[PDB]
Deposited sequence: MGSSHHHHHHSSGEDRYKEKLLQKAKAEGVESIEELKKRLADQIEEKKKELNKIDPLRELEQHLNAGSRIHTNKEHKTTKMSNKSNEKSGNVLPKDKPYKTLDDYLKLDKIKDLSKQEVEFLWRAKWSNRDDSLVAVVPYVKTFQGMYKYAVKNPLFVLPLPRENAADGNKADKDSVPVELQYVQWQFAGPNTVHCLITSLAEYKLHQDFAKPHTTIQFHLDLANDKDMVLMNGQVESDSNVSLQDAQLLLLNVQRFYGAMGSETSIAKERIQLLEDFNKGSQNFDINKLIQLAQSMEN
């Protein structure tokens, strides 16, 4: 149905990879993105990890995270492109209404769920814009913090609960949302 976003089949033909093993699919996916220095690539188990993040992302699709430099705030937006394709877009908050060049997310991540039911695998590809002053390392650390706030990869510790509560408070417009606590919890090493 010539979708405006690329799905997994546009990168790896599904009808070609169906009898491959999980490891063989992972090799091909990493090879696909290997000739780049702007790319984030991962393979995530669905039930164990992505499913819980997905559930929090649908209910809480917008967030803010600091990028330590002072800190520069970033918007995080989850976009549900289709039943098998979920995007995470990260945009610098201060400049995004200044010009079309800054309005573009500096980091776009796709999660492909096409193999989730048969192989319990999610394939991730992201790109960081070379014109931005966000490095690949900065983008990696932001993605790690997205994971910590979005379900805190099933942690049940007090601080993990504090992170999830802050995410929910932001998305419901609660007075209890506080930027200072956001910054403390994003910088804290405890999981």
Which deposited-sequence positions, grouped into ranges, are missing C-alpha coordinates?
1-94, 164-177
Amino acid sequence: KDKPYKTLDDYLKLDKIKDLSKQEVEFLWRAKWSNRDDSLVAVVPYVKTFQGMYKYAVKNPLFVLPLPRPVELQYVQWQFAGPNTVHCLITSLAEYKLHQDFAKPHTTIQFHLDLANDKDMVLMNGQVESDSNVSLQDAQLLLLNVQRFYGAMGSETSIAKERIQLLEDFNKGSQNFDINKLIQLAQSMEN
From here on, numbers count along this sequence of modelled residues.
Between 149-157 and 45-53 (mean CA B-factor, as deposited), the higher:
149-157
Per the PDB entry, mean CA B-factor is higher for 24-32 or 123-131, namely for 123-131
Ranked by Cα temperature factor within the chain, is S174 in the lowest third, the middle third or the highest third?
middle
Position of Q165 among the chain's modelled residues by C-alpha B-factor, lowest, middle or highest third:
middle
Pull the Cα B-factor of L93 out of the PDB entry and bin it into the chain's lowest, middle or highest third.
lowest
Grab the CA temperature factor for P66 from the record and place it in the lowest, middle or highest third of its chain.
middle
Select lowest, middle or highest to describe the third in which the CA B-factor of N84 falls within its chain in this entry.
middle
